[PDB]
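What follows is the content of query-v9.pdb (PDB, C-alpha atoms and all ligand atoms).
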ATOM      1  CA  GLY C   1     -44.784  42.845  60.645
ATOM      2  CA  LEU C   2     -47.280  44.829  62.896
ATOM      3  CA  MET C   3     -49.368  41.569  63.323
ATOM      4  CA  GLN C   4     -49.210  40.168  66.908
ATOM      5  CA  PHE C   5     -50.921  36.911  67.842
ATOM      6  CA  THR C   6     -52.828  37.518  71.128
ATOM      7  CA  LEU C   7     -54.492  34.947  73.360
ATOM      8  CA  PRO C   8     -57.527  35.156  75.612
ATOM      9  CA  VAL C   9     -56.638  36.543  79.033
ATOM     10  CA  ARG C  10     -56.587  33.196  80.918
ATOM     11  CA  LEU C  11     -54.097  31.774  78.276
ATOM     12  CA  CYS C  12     -52.062  35.029  77.996
ATOM     13  CA  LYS C  13     -51.300  34.588  81.802
ATOM     14  CA  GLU C  14     -51.153  30.761  82.250
ATOM     15  CA  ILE C  15     -48.895  30.286  79.111
ATOM     16  CA  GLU C  16     -46.043  31.922  81.115
ATOM     17  CA  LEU C  17     -46.223  29.203  83.776
ATOM     18  CA  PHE C  18     -44.264  25.912  83.444
ATOM     19  CA  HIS C  19     -47.437  23.874  84.222
ATOM     20  CA  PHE C  20     -49.612  25.415  81.424
ATOM     21  CA  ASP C  21     -51.734  22.802  79.539
ATOM     22  CA  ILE C  22     -52.327  23.863  75.860
ATOM     23  CA  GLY C  23     -55.952  22.662  75.956
ATOM     24  CA  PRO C  24     -58.078  20.263  73.831
ATOM     25  CA  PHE C  25     -58.686  22.774  70.938
ATOM     26  CA  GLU C  26     -56.179  21.646  68.208
ATOM     27  CA  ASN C  27     -56.912  24.699  65.985
ATOM     28  CA  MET C  28     -55.453  27.033  68.659
ATOM     29  CA  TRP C  29     -52.093  25.128  68.999
ATOM     30  CA  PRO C  30     -50.413  26.790  65.925
ATOM     31  CA  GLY C  31     -51.395  30.249  67.252
ATOM     32  CA  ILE C  32     -50.057  29.282  70.747
ATOM     33  CA  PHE C  33     -46.705  28.281  69.087
ATOM     34  CA  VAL C  34     -46.470  31.504  67.005
ATOM     35  CA  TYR C  35     -47.286  33.520  70.195
ATOM     36  CA  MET C  36     -44.402  31.783  71.967
ATOM     37  CA  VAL C  37     -42.007  32.346  69.024
ATOM     38  CA  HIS C  38     -43.008  36.065  68.876
ATOM     39  CA  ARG C  39     -42.342  36.645  72.647
ATOM     40  CA  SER C  40     -39.346  34.243  72.919
ATOM     41  CA  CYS C  41     -37.557  35.307  69.743
ATOM     42  CA  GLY C  42     -39.185  38.455  68.268
ATOM     43  CA  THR C  43     -41.930  39.163  65.657
ATOM     44  CA  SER C  44     -38.985  39.386  63.102
ATOM     45  CA  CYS C  45     -37.299  35.955  63.811
ATOM     46  CA  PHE C  46     -39.425  34.346  61.028
ATOM     47  CA  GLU C  47     -41.506  35.450  58.009
ATOM     48  CA  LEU C  48     -45.049  34.712  59.352
ATOM     49  CA  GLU C  49     -46.225  33.201  55.963
ATOM     50  CA  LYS C  50     -43.183  30.795  55.990
ATOM     51  CA  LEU C  51     -43.602  30.005  59.701
ATOM     52  CA  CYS C  52     -47.348  29.186  59.254
ATOM     53  CA  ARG C  53     -46.629  26.949  56.248
ATOM     54  CA  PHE C  54     -43.806  25.251  58.208
ATOM     55  CA  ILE C  55     -46.014  24.678  61.351
ATOM     56  CA  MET C  56     -48.816  23.146  59.236
ATOM     57  CA  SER C  57     -46.378  20.824  57.348
ATOM     58  CA  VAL C  58     -44.904  19.718  60.717
ATOM     59  CA  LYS C  59     -48.415  19.067  62.103
ATOM     60  CA  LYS C  60     -49.311  17.034  59.007
ATOM     61  CA  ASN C  61     -46.183  14.821  59.553
ATOM     62  CA  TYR C  62     -47.116  13.908  63.200
ATOM     63  CA  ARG C  63     -49.350  10.807  63.209
ATOM     64  CA  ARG C  64     -52.592   9.987  65.043
ATOM     65  CA  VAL C  65     -50.963   7.975  67.915
ATOM     66  CA  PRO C  66     -52.157   8.180  71.551
ATOM     67  CA  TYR C  67     -49.147  10.121  72.896
ATOM     68  CA  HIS C  68     -46.309  10.837  70.370
ATOM     69  CA  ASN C  69     -48.544  13.268  68.491
ATOM     70  CA  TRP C  70     -48.888  16.929  67.494
ATOM     71  CA  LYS C  71     -50.162  17.849  71.008
ATOM     72  CA  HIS C  72     -46.892  16.354  72.494
ATOM     73  CA  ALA C  73     -44.918  18.472  69.982
ATOM     74  CA  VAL C  74     -46.592  21.746  71.069
ATOM     75  CA  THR C  75     -46.564  20.808  74.802
ATOM     76  CA  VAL C  76     -42.750  20.167  74.624
ATOM     77  CA  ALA C  77     -42.214  23.478  72.748
ATOM     78  CA  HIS C  78     -44.248  25.272  75.463
ATOM     79  CA  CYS C  79     -41.998  23.857  78.264
ATOM     80  CA  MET C  80     -38.914  25.078  76.314
ATOM     81  CA  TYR C  81     -40.689  28.504  75.906
ATOM     82  CA  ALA C  82     -41.103  28.695  79.721
ATOM     83  CA  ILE C  83     -37.414  27.756  80.344
ATOM     84  CA  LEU C  84     -36.236  30.372  77.803
ATOM     85  CA  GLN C  85     -38.538  33.081  79.213
ATOM     86  CA  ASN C  86     -37.314  32.405  82.829
ATOM     87  CA  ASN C  87     -33.595  32.472  81.641
ATOM     88  CA  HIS C  88     -33.817  35.531  79.334
ATOM     89  CA  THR C  89     -30.156  36.535  79.007
ATOM     90  CA  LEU C  90     -28.480  33.016  79.056
ATOM     91  CA  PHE C  91     -29.275  32.015  75.397
ATOM     92  CA  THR C  92     -28.137  33.379  71.981
ATOM     93  CA  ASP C  93     -30.606  34.679  69.348
ATOM     94  CA  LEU C  94     -29.822  31.508  67.279
ATOM     95  CA  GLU C  95     -30.532  29.253  70.299
ATOM     96  CA  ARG C  96     -34.002  30.803  70.907
ATOM     97  CA  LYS C  97     -34.904  30.421  67.144
ATOM     98  CA  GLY C  98     -33.487  26.841  67.044
ATOM     99  CA  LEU C  99     -34.810  25.304  70.283
ATOM    100  CA  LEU C 100     -38.572  26.034  69.836
ATOM    101  CA  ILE C 101     -38.318  24.613  66.267
ATOM    102  CA  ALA C 102     -36.291  21.662  67.591
ATOM    103  CA  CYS C 103     -39.024  20.997  70.176
ATOM    104  CA  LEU C 104     -41.907  21.233  67.656
ATOM    105  CA  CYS C 105     -40.024  18.840  65.314
ATOM    106  CA  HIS C 106     -38.435  16.526  67.929
ATOM    107  CA  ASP C 107     -40.864  13.550  67.448
ATOM    108  CA  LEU C 108     -41.773  14.042  63.726
ATOM    109  CA  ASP C 109     -43.370  10.954  62.093
ATOM    110  CA  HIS C 110     -43.218   8.947  65.364
ATOM    111  CA  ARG C 111     -45.216   5.698  65.155
ATOM    112  CA  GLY C 112     -45.683   5.171  68.940
ATOM    113  CA  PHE C 113     -42.855   2.554  69.154
ATOM    114  CA  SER C 114     -39.451   2.596  70.959
ATOM    115  CA  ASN C 115     -36.004   2.365  69.338
ATOM    116  CA  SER C 116     -35.975  -1.169  70.919
ATOM    117  CA  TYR C 117     -39.177  -2.322  69.106
ATOM    118  CA  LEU C 118     -37.704  -1.106  65.733
ATOM    119  CA  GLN C 119     -34.505  -3.181  66.433
ATOM    120  CA  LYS C 120     -36.439  -6.345  67.371
ATOM    121  CA  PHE C 121     -38.798  -5.868  64.390
ATOM    122  CA  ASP C 122     -35.785  -5.271  62.073
ATOM    123  CA  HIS C 123     -37.384  -2.053  60.728
ATOM    124  CA  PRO C 124     -35.431  -0.459  57.821
ATOM    125  CA  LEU C 125     -34.866   2.675  60.012
ATOM    126  CA  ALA C 126     -32.864   0.398  62.426
ATOM    127  CA  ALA C 127     -30.513  -0.457  59.485
ATOM    128  CA  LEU C 128     -30.188   3.207  58.380
ATOM    129  CA  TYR C 129     -29.483   4.435  62.015
ATOM    130  CA  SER C 130     -28.004   1.921  64.577
ATOM    131  CA  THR C 131     -28.473   4.289  67.600
ATOM    132  CA  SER C 132     -31.043   6.975  68.449
ATOM    133  CA  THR C 133     -33.001   5.377  65.573
ATOM    134  CA  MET C 134     -36.233   7.424  65.804
ATOM    135  CA  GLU C 135     -34.360  10.641  66.770
ATOM    136  CA  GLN C 136     -32.121  10.576  63.637
ATOM    137  CA  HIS C 137     -35.347  10.050  61.652
ATOM    138  CA  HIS C 138     -37.049  13.021  63.417
ATOM    139  CA  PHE C 139     -34.093  15.278  62.461
ATOM    140  CA  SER C 140     -34.210  13.822  58.877
ATOM    141  CA  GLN C 141     -37.942  14.696  58.716
ATOM    142  CA  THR C 142     -37.184  18.239  60.046
ATOM    143  CA  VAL C 143     -34.592  18.863  57.277
ATOM    144  CA  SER C 144     -37.018  17.489  54.620
ATOM    145  CA  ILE C 145     -39.760  19.956  55.691
ATOM    146  CA  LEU C 146     -37.245  22.915  55.855
ATOM    147  CA  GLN C 147     -36.472  22.055  52.162
ATOM    148  CA  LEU C 148     -40.086  22.098  50.857
ATOM    149  CA  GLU C 149     -40.588  25.284  48.741
ATOM    150  CA  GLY C 150     -41.800  28.249  50.819
ATOM    151  CA  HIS C 151     -40.817  26.439  54.095
ATOM    152  CA  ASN C 152     -37.294  27.789  54.822
ATOM    153  CA  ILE C 153     -38.088  29.802  57.978
ATOM    154  CA  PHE C 154     -34.282  30.350  58.358
ATOM    155  CA  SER C 155     -33.625  31.704  54.811
ATOM    156  CA  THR C 156     -32.694  35.212  56.179
ATOM    157  CA  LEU C 157     -29.767  33.714  58.255
ATOM    158  CA  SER C 158     -26.183  33.781  56.785
ATOM    159  CA  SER C 159     -24.683  30.520  55.465
ATOM    160  CA  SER C 160     -22.850  29.951  58.813
ATOM    161  CA  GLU C 161     -25.784  30.984  61.101
ATOM    162  CA  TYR C 162     -27.865  28.452  58.984
ATOM    163  CA  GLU C 163     -25.304  25.688  59.745
ATOM    164  CA  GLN C 164     -25.166  26.683  63.474
ATOM    165  CA  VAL C 165     -29.022  26.601  63.945
ATOM    166  CA  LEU C 166     -29.436  23.210  62.054
ATOM    167  CA  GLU C 167     -26.617  21.881  64.261
ATOM    168  CA  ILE C 168     -28.366  23.196  67.454
ATOM    169  CA  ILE C 169     -31.573  21.462  66.176
ATOM    170  CA  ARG C 170     -29.833  18.144  65.393
ATOM    171  CA  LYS C 171     -28.089  17.907  68.822
ATOM    172  CA  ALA C 172     -31.345  19.010  70.521
ATOM    173  CA  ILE C 173     -33.402  16.323  68.721
ATOM    174  CA  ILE C 174     -30.740  13.557  69.291
ATOM    175  CA  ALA C 175     -30.687  14.500  73.040
ATOM    176  CA  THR C 176     -34.396  13.481  73.335
ATOM    177  CA  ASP C 177     -33.107   9.870  73.063
ATOM    178  CA  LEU C 178     -33.504   8.950  76.773
ATOM    179  CA  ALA C 179     -30.669   6.307  76.370
ATOM    180  CA  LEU C 180     -28.250   9.329  75.980
ATOM    181  CA  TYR C 181     -29.866  11.222  78.925
ATOM    182  CA  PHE C 182     -28.274   9.198  81.818
ATOM    183  CA  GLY C 183     -24.679   9.864  80.794
ATOM    184  CA  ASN C 184     -25.461  13.458  79.779
ATOM    185  CA  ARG C 185     -26.942  14.240  83.247
ATOM    186  CA  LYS C 186     -24.113  12.333  85.131
ATOM    187  CA  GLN C 187     -21.539  14.428  83.234
ATOM    188  CA  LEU C 188     -23.481  17.651  84.007
ATOM    189  CA  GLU C 189     -23.742  16.567  87.701
ATOM    190  CA  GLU C 190     -19.891  16.171  87.948
ATOM    191  CA  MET C 191     -19.160  19.426  86.024
ATOM    192  CA  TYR C 192     -21.573  21.417  88.248
ATOM    193  CA  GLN C 193     -20.239  19.848  91.537
ATOM    194  CA  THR C 194     -16.459  20.048  90.671
ATOM    195  CA  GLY C 195     -17.169  23.656  89.465
ATOM    196  CA  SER C 196     -15.924  23.036  85.828
ATOM    197  CA  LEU C 197     -19.360  23.831  84.243
ATOM    198  CA  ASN C 198     -18.665  26.714  81.815
ATOM    199  CA  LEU C 199     -21.520  28.055  79.556
ATOM    200  CA  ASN C 200     -18.897  29.675  77.151
ATOM    201  CA  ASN C 201     -17.620  26.140  76.400
ATOM    202  CA  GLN C 202     -19.803  25.096  73.415
ATOM    203  CA  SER C 203     -19.613  21.362  74.416
ATOM    204  CA  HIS C 204     -20.919  22.335  77.929
ATOM    205  CA  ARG C 205     -23.801  24.363  76.339
ATOM    206  CA  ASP C 206     -24.626  21.345  74.142
ATOM    207  CA  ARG C 207     -24.941  19.236  77.321
ATOM    208  CA  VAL C 208     -27.107  21.871  79.115
ATOM    209  CA  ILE C 209     -29.364  22.186  75.999
ATOM    210  CA  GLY C 210     -29.646  18.360  75.902
ATOM    211  CA  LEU C 211     -30.841  18.285  79.544
ATOM    212  CA  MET C 212     -33.407  21.096  78.803
ATOM    213  CA  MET C 213     -34.613  18.873  75.871
ATOM    214  CA  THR C 214     -35.012  15.919  78.277
ATOM    215  CA  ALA C 215     -36.789  18.279  80.782
ATOM    216  CA  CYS C 216     -39.175  19.605  78.046
ATOM    217  CA  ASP C 217     -39.679  16.098  76.634
ATOM    218  CA  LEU C 218     -40.691  14.635  80.061
ATOM    219  CA  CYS C 219     -42.699  17.750  81.079
ATOM    220  CA  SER C 220     -45.956  15.703  81.423
ATOM    221  CA  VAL C 221     -44.542  14.821  84.931
ATOM    222  CA  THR C 222     -44.376  18.606  85.774
ATOM    223  CA  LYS C 223     -48.101  19.332  85.144
ATOM    224  CA  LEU C 224     -50.863  19.529  87.740
ATOM    225  CA  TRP C 225     -51.843  16.046  88.886
ATOM    226  CA  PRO C 226     -55.078  15.801  86.800
ATOM    227  CA  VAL C 227     -53.060  16.533  83.520
ATOM    228  CA  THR C 228     -50.164  14.193  84.563
ATOM    229  CA  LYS C 229     -52.565  11.335  85.366
ATOM    230  CA  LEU C 230     -54.657  11.622  82.142
ATOM    231  CA  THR C 231     -51.493  11.916  79.998
ATOM    232  CA  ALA C 232     -50.042   8.746  81.666
ATOM    233  CA  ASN C 233     -52.972   6.792  80.030
ATOM    234  CA  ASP C 234     -51.925   8.019  76.544
ATOM    235  CA  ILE C 235     -48.301   7.134  77.358
ATOM    236  CA  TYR C 236     -49.380   3.641  78.564
ATOM    237  CA  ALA C 237     -51.696   3.110  75.526
ATOM    238  CA  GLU C 238     -48.560   3.267  73.294
ATOM    239  CA  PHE C 239     -46.532   1.039  75.691
ATOM    240  CA  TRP C 240     -49.339  -1.625  75.703
ATOM    241  CA  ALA C 241     -49.557  -1.591  71.856
ATOM    242  CA  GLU C 242     -45.742  -2.075  71.787
ATOM    243  CA  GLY C 243     -46.130  -4.882  74.358
ATOM    244  CA  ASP C 244     -48.743  -6.508  72.088
ATOM    245  CA  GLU C 245     -46.372  -6.159  69.073
ATOM    246  CA  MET C 246     -43.504  -7.643  71.165
ATOM    247  CA  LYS C 247     -45.789 -10.644  71.996
ATOM    248  CA  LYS C 248     -46.507 -10.970  68.210
ATOM    249  CA  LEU C 249     -42.737 -11.209  67.597
ATOM    250  CA  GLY C 250     -42.616 -14.009  70.261
ATOM    251  CA  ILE C 251     -40.992 -11.798  72.979
ATOM    252  CA  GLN C 252     -42.472 -11.344  76.489
ATOM    253  CA  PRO C 253     -42.472  -7.545  76.868
ATOM    254  CA  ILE C 254     -41.136  -5.862  80.051
ATOM    255  CA  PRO C 255     -44.098  -5.637  82.516
ATOM    256  CA  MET C 256     -44.393  -1.814  82.031
ATOM    257  CA  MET C 257     -45.487  -2.497  78.450
ATOM    258  CA  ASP C 258     -47.667  -5.634  79.204
ATOM    259  CA  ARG C 259     -51.400  -4.698  79.239
ATOM    260  CA  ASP C 260     -52.055  -7.829  81.391
ATOM    261  CA  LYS C 261     -49.907  -6.208  84.185
ATOM    262  CA  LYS C 262     -51.687  -2.782  84.557
ATOM    263  CA  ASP C 263     -51.609  -3.322  88.425
ATOM    264  CA  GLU C 264     -47.754  -2.654  88.142
ATOM    265  CA  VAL C 265     -48.216   0.849  86.500
ATOM    266  CA  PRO C 266     -48.055   2.901  89.771
ATOM    267  CA  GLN C 267     -44.852   1.125  90.987
ATOM    268  CA  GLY C 268     -43.441   1.516  87.404
ATOM    269  CA  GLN C 269     -44.146   5.326  87.486
ATOM    270  CA  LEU C 270     -42.327   5.499  90.947
ATOM    271  CA  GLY C 271     -39.202   3.913  89.342
ATOM    272  CA  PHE C 272     -39.425   6.365  86.472
ATOM    273  CA  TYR C 273     -39.739   9.521  88.681
ATOM    274  CA  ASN C 274     -36.910   8.176  90.923
ATOM    275  CA  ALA C 275     -34.609   6.885  88.118
ATOM    276  CA  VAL C 276     -35.317   9.599  85.484
ATOM    277  CA  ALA C 277     -37.606  12.599  86.203
ATOM    278  CA  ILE C 278     -36.423  13.762  89.712
ATOM    279  CA  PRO C 279     -32.713  13.430  88.762
ATOM    280  CA  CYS C 280     -33.417  15.356  85.471
ATOM    281  CA  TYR C 281     -35.158  18.403  87.069
ATOM    282  CA  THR C 282     -32.738  18.355  90.143
ATOM    283  CA  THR C 283     -29.586  18.749  87.895
ATOM    284  CA  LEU C 284     -31.557  21.159  85.604
ATOM    285  CA  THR C 285     -32.552  23.283  88.666
ATOM    286  CA  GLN C 286     -28.882  23.249  89.882
ATOM    287  CA  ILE C 287     -27.680  24.628  86.478
ATOM    288  CA  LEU C 288     -30.739  26.951  85.846
ATOM    289  CA  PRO C 289     -32.273  27.967  89.182
ATOM    290  CA  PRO C 290     -35.410  29.639  87.751
ATOM    291  CA  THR C 291     -36.578  26.138  86.464
ATOM    292  CA  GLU C 292     -37.262  25.015  90.069
ATOM    293  CA  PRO C 293     -41.084  25.005  89.589
ATOM    294  CA  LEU C 294     -40.526  21.990  87.215
ATOM    295  CA  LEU C 295     -38.676  20.140  90.058
ATOM    296  CA  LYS C 296     -41.360  21.179  92.616
ATOM    297  CA  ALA C 297     -44.260  19.987  90.315
ATOM    298  CA  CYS C 298     -42.408  16.710  89.565
ATOM    299  CA  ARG C 299     -41.981  16.066  93.343
ATOM    300  CA  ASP C 300     -45.733  16.833  93.873
ATOM    301  CA  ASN C 301     -46.582  14.207  91.194
ATOM    302  CA  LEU C 302     -44.146  11.627  92.712
ATOM    303  CA  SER C 303     -46.127  12.118  95.931
ATOM    304  CA  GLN C 304     -49.427  11.722  93.972
ATOM    305  CA  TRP C 305     -48.194   8.325  92.557
ATOM    306  CA  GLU C 306     -47.132   7.266  96.095
ATOM    307  CA  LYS C 307     -50.814   7.986  97.083
ATOM    308  CA  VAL C 308     -52.129   5.803  94.178
ATOM    309  CA  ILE C 309     -49.978   2.868  95.546
ATOM    310  CA  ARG C 310     -51.126   3.341  99.192
ATOM    311  CA  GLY C 311     -54.662   2.776  97.725
ATOM    312  CA  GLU C 312     -55.554   6.412  98.885
ATOM    313  CA  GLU C 313     -56.706   6.976  95.246
ATOM    314  CA  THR C 314     -57.092   4.846  92.053
ATOM    315  CA  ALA C 315     -56.382   4.784  88.247
TER     316      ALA C 315
HETATM  317 CL1  LIG C 401     -42.375   5.088  82.169
HETATM  318  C1  LIG C 401     -42.535   6.672  81.471
HETATM  319  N1  LIG C 401     -41.885   6.942  80.288
HETATM  320  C2  LIG C 401     -41.931   8.171  79.711
HETATM  321  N2  LIG C 401     -41.274   8.426  78.422
HETATM  322  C3  LIG C 401     -40.226   7.396  78.187
HETATM  323  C4  LIG C 401     -40.238   6.916  76.741
HETATM  324  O1  LIG C 401     -40.480   7.964  75.790
HETATM  325  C5  LIG C 401     -41.729   8.533  75.871
HETATM  326  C6  LIG C 401     -41.968   9.072  77.265
HETATM  327  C7  LIG C 401     -42.661   9.178  80.353
HETATM  328  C8  LIG C 401     -42.716  10.457  79.837
HETATM  329  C9  LIG C 401     -43.403  11.470  80.442
HETATM  330  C10 LIG C 401     -44.091  11.192  81.593
HETATM  331  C11 LIG C 401     -44.031   9.899  82.152
HETATM  332  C12 LIG C 401     -43.344   8.884  81.511
HETATM  333  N3  LIG C 401     -43.300   7.622  82.086
HETATM  334 MG    MG C 402     -38.840  11.100  70.949
HETATM  335 ZN    ZN C 403     -40.997  13.456  72.739
END
Written as structure tokens, how would this file's structure read?
Ligand SMILES: Clc1nc(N2CCOCC2)c2ccccc2n1
Ligand SMILES: [Mg+2]
Ligand SMILES: [Zn+2]
Amino acid sequence: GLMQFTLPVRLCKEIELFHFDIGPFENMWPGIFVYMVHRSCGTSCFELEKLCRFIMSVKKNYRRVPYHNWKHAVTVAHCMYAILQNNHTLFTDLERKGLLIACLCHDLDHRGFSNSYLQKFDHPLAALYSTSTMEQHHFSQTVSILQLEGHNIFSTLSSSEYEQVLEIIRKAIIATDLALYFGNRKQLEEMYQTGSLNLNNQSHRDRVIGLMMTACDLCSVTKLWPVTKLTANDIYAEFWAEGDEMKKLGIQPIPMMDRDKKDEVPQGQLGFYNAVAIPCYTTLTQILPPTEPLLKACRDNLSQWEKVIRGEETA
């Protein structure tokens, strides 16, 4: 257990910042994740051999889609790492173990299509799971991989710690369903403002962990503008494919997803920062003040999209 992962100096320092980009070298992403587990959790949280086999099985079960890919998995885990590191004493040992694994697993076997597209297609997964269709699948895929031989990174936990962590992971992965985000944040807003928010109340923690999951999941909008902008193209490449597939089912897609209406992208990103991103990091910053850099970066990027619209730069 005397075997640290270390990172080159520039990464060793930048990985601690919310806005860290994990880079274009895929073969370093596993080592970045282990590094984060070792500092966030301990070098003892997981048997390294089991962790490495688990990481590589998770990687293998992410597909080669423009956005909802292995890089998104590690990026979202890194944002959670930064939240946990900036809020040291607020989370249990089980929560630190669970949430980085939840983040790495949260989009397992994603095909680049929304819950909506599965329902209009009449995909079998839409029959098996009527709401949070892809997210119940992602959790399903996580449990499958935990059950491959040699892959039970939790095997040293007690029976009841095992149940607690898998339950943290399931809520955390379900919370990445943006349809559940709006009510979750509204509730957290009221509880914070009326002063009823209580982190010893498990159902309140669940809510707070769900909003962190949304914050980590959307964290593309909290990068430096050049990362945010280039990622938006991957995001839109999936939307346009979905739009195409909607048109093949005989359904005019929403204009966000229509590759004939690319002109409307900047105004669509404005709606998204205003309806989703800014509210998310605002309430998150209210509950966890050290996460403010996420809100500040998100505001900077809103202002960068306003500049794209005012023709003061292009896409
Ligand atoms: Cl319009 C839009 N949707 C996003 N997400 C909604 C659907 O799940 C996938 C991602 C998004 C996520 C991050 C950054 C900008 C984004 N912009
Ligand atoms: Mg998802
Ligand atoms: Zn995601």
Margin query: One decimal, in Å: what's the spacing between CA of residue 211 in chain C and CA of residue 116 in chain C?
Written below: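 CA of residue 116 in chain C lies at a distance of 21.9 Å from CA of residue 211 in chain C.
Residues in contact with ligand MG 402 (chain C) comprise residues 68, 106, 107, 110, 134, 135, 138, 173, 176, 177 and 217 of chain C, where contact means an atom-to-atom distance of at most 8 Å counting all atoms listed in the file.
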Original post:
Applied to the shown file, which residues does the PyMOL selection byres (((not hetatm)) within 10 of (chain C and resi 401)) return, written as a ChimeraX atom specification?
Top reply: /C:67-68,72,107,112-115,176-179,214-223,228-229,231-236,238-239,256-257,265-273,275-277,298
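In terms of minimum interatomic distance to residue 75 in chain C, C:227 ranks closest within C:147, C:6, C:129, C:227, counting only C-alpha atoms.
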Checklist entry - What residues come out when you apply the PyMOL selection byres (((chain C and resi 168) around 9) and not hetatm) to this file, written as a PyMOL selection string? => result chain C and resi 94-95+98-99+102+163-167+169-173+206+209
Selected by the PyMOL selection byres (((chain C and resi 55-65) around 9) and not hetatm) in the shown coordinates: which residues, as an NGL selection string? :C and (30 or 33-34 or 50-54 or 66-70 or 73 or 104-105 or 107-112 or 141-142 or 145 or 151 or 234 or 238)
Could you rebuild range 87-101 of chain C with N, CA and C atoms and give me the result as a compact mmCIF listing (two decimals), keeping the file's coordinate frame?
# COMPACT_ATOMS: atom_id res chain seq x y z
N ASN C 87 -35.08 32.45 81.74
CA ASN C 87 -33.60 32.47 81.64
C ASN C 87 -33.22 33.36 80.46
N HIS C 88 -33.81 34.56 80.45
CA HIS C 88 -33.82 35.53 79.33
C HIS C 88 -32.41 35.61 78.74
N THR C 89 -31.44 36.02 79.54
CA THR C 89 -30.16 36.53 79.01
C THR C 89 -29.15 35.40 78.79
N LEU C 90 -29.46 34.14 79.12
CA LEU C 90 -28.48 33.02 79.06
C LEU C 90 -28.39 32.43 77.64
N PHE C 91 -29.28 32.73 76.71
CA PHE C 91 -29.28 32.02 75.40
C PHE C 91 -29.13 33.01 74.25
N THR C 92 -28.43 32.57 73.20
CA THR C 92 -28.14 33.38 71.98
C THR C 92 -29.44 33.55 71.20
N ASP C 93 -29.45 34.49 70.27
CA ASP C 93 -30.61 34.68 69.35
C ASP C 93 -30.82 33.36 68.59
N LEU C 94 -29.74 32.73 68.11
CA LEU C 94 -29.82 31.51 67.28
C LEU C 94 -30.41 30.37 68.13
N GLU C 95 -30.09 30.36 69.42
CA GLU C 95 -30.53 29.25 70.30
C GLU C 95 -32.05 29.37 70.49
N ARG C 96 -32.57 30.59 70.64
CA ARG C 96 -34.00 30.80 70.91
C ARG C 96 -34.78 30.36 69.67
N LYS C 97 -34.38 30.85 68.49
CA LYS C 97 -34.90 30.42 67.14
C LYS C 97 -34.89 28.89 67.02
N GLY C 98 -33.74 28.27 67.31
CA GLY C 98 -33.49 26.84 67.04
C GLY C 98 -34.28 25.95 67.97
N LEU C 99 -34.32 26.27 69.27
CA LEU C 99 -34.81 25.30 70.28
C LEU C 99 -36.34 25.13 70.24
N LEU C 100 -37.10 26.16 69.94
CA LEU C 100 -38.57 26.03 69.84
C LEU C 100 -38.91 25.20 68.60
N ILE C 101 -38.13 25.37 67.53
CA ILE C 101 -38.32 24.61 66.27
C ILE C 101 -37.87 23.17 66.53
